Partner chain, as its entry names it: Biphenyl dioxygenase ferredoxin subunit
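For reference, the chain that follows is the form solved without its partner chain, supplied as structure tokens.
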């Protein structure tokens, strides 16, 4: 009933690929056309601040579109508008696509830093393969890089650059790193780690401008750099939705079925503002797992309306040099349990966040084995013995089973 052919998807990132693969796997055999503005074989973004940045082979980062047969991918073309009454999309190449169902999977773009508008030195953001190539082409040993923003992508780049012999400074307006989505205990540890690897961290500082290759700060000081990479967050690519009259606020509002306020128009991935089931609040979730899992859930329910809505709880990972970080659920509750020592010597530890005895979040550093059982405990809102949670004798995989 809701799934009317033909299907058109705007954007050819992970959310789009995941969605169209699930349509096909679920048994939808009608037309699917995907419009992607980048002239690139669909690819995954996490490598761009990690192994790609370090090794440079794009053929290792392409998405597998095998599970999406009989899809026409229009690469290198921009959707300029859609008409939700006429059920058409206008493309940059002069063509128009009809749709029965339109899916907005247009992701998000890095925020620009207003104070570096009109800079006369290299200032880049890191979102695309083209961006990664441009940054890498300036990543010369003994170069000086300034990163603005202490989010995970900036820190991943910082680690990659330090490994490459680049001098790295980093300016963060907040008193801590990773202020968006990380427990304070983790953020404090991560700052200690980056400082130990030679990153020059500047907290509670903002950029006020730049002159002749030097960046100015609001403490009245200067940082010289060969290159600036801005990583102060992203803004949803929701321009077509806004123009067409959908409800948007730095992100397209969707329910758990991916429905927008416009009939026959859905949205998924980084472009969406959606319910976080742990907080009960709407948020723009900016994670790989959301893009994949939301795409799959929305596709499944389109093909099979008896399927449940999207219900997965949020999580991400970050690879920052020697730290393999995994974070699930909420950054804080009324209680944190620490498993292991938090030490720069062979870092390995787990954090558990509880709210009235209930697990609401978890972090693992170099401890992948414990993250899977903790996510299962989180998912059912488990209330385990806090003594056992702390006790390292406890096997978390066993708790997961017991529940």
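Positions refer to the first chain, counted from 1.
The discussion below concerns the form solved in complex with its partner chain, not included here.
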{"property": "Contact label in the entry with it bound: residue 317 to its partner chain, heavy atom within 4.5 Å", "result": "yes"}
{"property": "Its partner chain contact at residue 356 in the entry with it bound, heavy atom, 4.5 Å", "result": "no"}
{"property": "Interface membership of residue 324, its partner chain in the entry with it bound, 4.5 Å heavy atom rule", "result": "yes"}
{"property": "Contact test in the entry with it bound: residue 337 vs its partner chain, heavy atoms, 4.5 Å", "result": "no"}
{"property": "Partner-facing stretch of 116-124, 197-205, 158-166, 287-295, counted where any non-hydrogen atom is within 4.5 angstroms of its partner chain in the entry with it bound", "result": "287-295"}
{"property": "Complete contact of 180, 383 and 400 with its partner chain in the entry with it bound (any heavy atom, 4.5 Å)", "result": "no"}
{"property": "Contacts with its partner chain in the entry with it bound - residues in 55-76 whose heavy atoms fall within 4.5 Å", "result": "60, 61, 62, 66, 67"}
